[PDB]
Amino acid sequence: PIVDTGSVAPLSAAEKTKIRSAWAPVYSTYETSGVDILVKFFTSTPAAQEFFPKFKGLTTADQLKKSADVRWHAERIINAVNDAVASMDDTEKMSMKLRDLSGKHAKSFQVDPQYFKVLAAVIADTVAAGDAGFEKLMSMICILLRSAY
């Protein structure tokens, strides 16, 4: 499963290749992909809904998909992941980016760090439900997004 603590073994050349493949199609239409994922996560995880101030008032999955605020937010998340995917070969760069992102969440957005793996789960279940290699990537991302807390 997806972890957000400790450490995970390096990604193997085989795993990286599987990821790039499973990913490519999803990013080709991140506009949509992104929105669905975020809408799915949000509608099914009420406890974290209070952390998206700009979505106050939006309850149905219908309204959300029509809000430009939901789309922007969803588009940024989906690309942060895309950035990671693109840095799988430069673990150095991937860290700097996410560690910076971790800081923003902890100091400015003040979001509960427990949902990182919950949303990561939806992204994984959507992009490549079942792949363990992709679960590693999401675990690294989660572990790093919590580094600032």
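Position 1 is the first residue in the sequence shown; the rest follow in order.
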For 53-61 versus 78-86, entry-based mean Cα B-factors point to 53-61
Between the two ranges 43-51 and 88-96, the one averaging a larger CA B factor in the entry: 43-51
Using the entry's values, work out which of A120, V26, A106, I37 has the largest Cα B factor. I37
Can you tell me whether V111 has a C-alpha B-factor in the lowest, middle or highest third compared with the other modelled residues of the same chain? lowest
Should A68 be placed in the lowest, middle or highest third of its chain by the C-alpha B factor in the entry? highest
Per the entry's values, where does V3 land by CA temperature factor relative to the rest of its chain, in the lowest, middle or highest third? highest
Chain-relative CA temperature factor third for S12: middle
Considering every modelled residue of the chain and its Cα B-factor in the PDB entry, is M140 in the lowest, middle or highest third? middle
